[PDB]
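**Q** Quick one: this structure, given as structure tokens, is what I'll be asking you about.
Residue numbers (the authors' numbering): 22 to 177.
Below you can see the structure in the form of structure tokens.
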């Protein structure tokens, strides 16, 4: 147990995130249509990240849809996008996870995924989500395990 909370949660968050900005930006996308039961905590955190990211991205985001190029992530491949994303993540998180870093992080991930999807390469969606979760249950595992849950991020 425990680890499942971070993985399941982290995944749900990212998933809905990318899909949100993806379905909002354009394109069809019917989604995996895999509904499921969810408490108020999860929905709370997810929403917070959505409104937060969306809002900022609506005002004037630094690089919520281009940063990838700044590092030539190359969405063409999967190992390059995963390794690169995992690196920048664990790197910026290694100096302190915190809640802020998370918000900005997820936001960026969604941007790259969306772009790829529109550029005929939705693979980034599953790739990013995978790296994110694993990175959250491997590097952030202890962090989220010590905090008890993401509910704390709601206090802000």
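From the three backbone atoms N, C-alpha and C, an ideal C-beta is built for every residue, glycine too.
What residue range does the alpha helix (DSSP H) around residue 85 cover?
**A** From DSSP, residue 85 is part of no alpha helix (DSSP H); its letter is neither H nor E.
**Q** What number of angstroms, rounded off, separates the C-alpha of residue 174 from the C-alpha of residue 120?
**A** Rounded to whole angstroms, residue 174 to residue 120 spans 6 Å at the Cα level.
**Q** Determine whether the beta carbon atoms of residue 92 and residue 105 lie at a separation below 8 Å.
**A** Cβ atoms of residue 92 and residue 105: closer than 8 Å.
**Q** Taking the straight line between their C-alpha atoms, what separation do you get for residue 144 and residue 137?
**A** Straight-line Cα distance between these residues: approximately 8 Å.
**Q** For residue 47, does the count of other Cβ atoms within 10 angstroms reach 16, so buried, or fall short, so exposed?
**A** So residue 47 counts as exposed.
**Q** So with Cβ pairs under 8 Å, would you call residue 91 a contact of chain B?
**A** Among the chains in the structure shown there is no chain B, since it carries only a single protein chain.
**Q** By how many angstroms is the C-alpha of residue 171 removed from the C-alpha of residue 34?
**A** For residue 34 and residue 171, the distance between alpha carbons rounds to 11 Å.
**Q** Considering only their Cβ atoms, is the gap separating residue 135 from residue 39 smaller than 8 Å?
**A** In this structure, residue 135 lies closer than 8 Å to residue 39 by Cβ.
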